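Presented below, as structure tokens, is a lone chain in the form deposited in one PDB entry.
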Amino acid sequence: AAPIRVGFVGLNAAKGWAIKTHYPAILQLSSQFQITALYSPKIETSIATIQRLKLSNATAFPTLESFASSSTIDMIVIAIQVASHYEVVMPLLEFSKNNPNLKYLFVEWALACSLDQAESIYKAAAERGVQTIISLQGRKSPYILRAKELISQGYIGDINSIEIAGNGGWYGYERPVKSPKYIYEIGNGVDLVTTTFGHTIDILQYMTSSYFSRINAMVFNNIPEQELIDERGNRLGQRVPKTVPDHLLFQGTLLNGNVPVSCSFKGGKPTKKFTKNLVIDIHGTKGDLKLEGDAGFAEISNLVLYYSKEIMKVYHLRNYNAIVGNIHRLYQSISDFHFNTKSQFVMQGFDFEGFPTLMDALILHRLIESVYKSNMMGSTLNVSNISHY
């Protein structure tokens, strides 16, 4: 064999996000991925991490340059806060030239804090000439892929209309004291529109094999002050600012077939009492097709899939762990592409094969900028060329 060596920036073996998605996944693929490097701001944390989980081949690097430069890395994975994506990726991309073996750059969604930073990063990566990857795992949910198979095989006929509803999670009336104030402040690349909506609206475009045409959005901050609550759920009688949106009304048209799409994303709690919190309701000429969850987060949720002299079918994987599962699949697809199981390439687009690159992430960003731009200007925007230039 020949396991792809992984260099990890952001693997904290106690906190963060990667420890609960990437790590478990890499484990279950021990012959194809093995963690080699591990940079962190404080090198102490790297060693502590390498020790907690008995990473046999992990080597705690001291600086960014020593880490990005080593030849023991085949794929680099950036899993830190989005706010730090630009500061870290840009230099790292440069230092990595001293490594002839680098074959894969892997970054978590969102890619940056703004269209601009996004454009910069893509360029910096494209010119370096490495295969890029974006953690849009939505594209790997078994449910998302089935829905895609069905729709592309004319199983529901042509699409007539579409409704969507999601939940951002954190942006309701209350905030727990333990939650970092950075996910509630503007400009940090994490929020209801960029993160939650971004993921979902990408799966949609990916399921239906169509980018958007015209769109119009309205972005709300009707909870400027959240009420602090403890663990039990009680209030400490203290309000803290949120400058980040707590509701999104999106609305537009798929380029293919001028298909109406209606969207509503709820900030957070309370949850919906009489409707699933995540819903993708696709309506066709020969049938319907609908995905439900209780999370609001498609990318890491276990869904149910319904799809209609009529024959209705429901499809559900009982006890399927989507938090690890979808990520796992993404890795599995990287491995498949590497050992040539089933050419370096620029973007996945609507293809089944391969995986979402940074180019896909970029286009997603162009759509997101449009959603905000549309809200500000208060006008429907033609967005057809977003996926070119």
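All residue numbers refer to positions in the sequence shown, first residue = 1.
FYI, the form solved in complex with a partner chain isn't displayed, but the following is about it.
- Although the partner is absent here, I183 sits close enough that one of its heavy atoms falls within 4.5 Å of its partner chain in the deposited bound form.
- Looking at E127, you'd find every heavy atom of it more than 4.5 angstroms from its partner chain in the deposited bound form.
- Mapping the unseen interface onto this chain, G154 falls outside it, with no heavy atom inside 4.5 Å of its partner chain in the deposited bound form.
- Though the partner is left out of this view, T195 does reach within 4.5 Å of its partner chain in the deposited bound form, counting heavy atoms only.
- Per the 4.5 Å heavy atom criterion, its partner chain in the deposited bound form is contacted by stretch 223-231, the sole one of 88-96, 201-209, 223-231, 113-121.
- Taken together, the three residues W170, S179 and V190 all lie with some non-hydrogen atom within 4.5 angstroms of its partner chain in the deposited bound form.
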